[PDB]
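Input: a single structure, listed below in structure tokens.
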Amino acid sequence: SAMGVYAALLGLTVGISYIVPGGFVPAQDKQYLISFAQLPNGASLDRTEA
Amino acid sequence: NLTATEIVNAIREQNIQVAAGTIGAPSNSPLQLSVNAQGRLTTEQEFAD
């Protein structure tokens, strides 16, 4: 029964090794963020400045 | 009544690219439009013309 339980646990490990999503590096906070503004094409620098 | 050096100068003069610039680039105009013209020749007919 111990051997059977061991085989069942090995199968459970193999099954559960496929449900976790993958990744490389988690996204953390570096005390700053960026913001982009885009004007309609052909706009002068004064409008973007304002 | 022609010479080869004049021919070389003529062909070199008429086969140069031109950098025009921009209209509306210190100005208060709300538009900034680049300007382009015709520069280098490509086909044999243009060279022969």
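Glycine gets a Cβ as well: all are built from the backbone with ideal geometry, and neighbour counts include every protein chain shown. What follows is calculated from the coordinates using simple rules that are stated; it is not laboratory data.
What Kirkwood hydrodynamic radius do you get for the protein assembly as shown when you take the inverse of the mean 1/r over all pairs of distinct Cα atoms, in Å?
Value: 22.6 Å, from the Cα pair sum.
Please order B:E46, B:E13 by the number of other Cβ within 10 Å, starting at the fewest.
Listing B:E46, B:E13 from fewest to most nearby Cβ atoms yields B:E13, B:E46.
Where the convex hull is taken over the Cα atoms of chain B, what is its projected area averaged over directions, in nm²?
Average of the hull's projected areas for chain B equals 5.5 nm².
In square nanometres, what is one fourth of the surface area of the convex hull spanned by the alpha carbons of chain A?
With the hull built on Cα positions only, its mean projection is 7.7 nm².
On a 0 to 90° scale, report how tilted helix A:2-16 is relative to the longest principal axis of chain A, with both axes built from alpha carbons and the result rounded to the nearest 10.
On a 0 to 90 degree scale, this one is about 20.
Hey, what number do you get for chain A at 222 nm if only DSSP H runs of n ≥ 4 count, each worth -39500 (n - 2.57), divided across all residues, to the nearest 500?
Rounded to the nearest 500, it is -11500 deg cm²/dmol.
With charges set only on the Cβ (+1 for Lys and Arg, -1 for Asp and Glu), what does the dipole of the protein assembly as shown come to about its Cα centre, in debye to the nearest 20?
Magnitude of the dipole: close to 560 debye.
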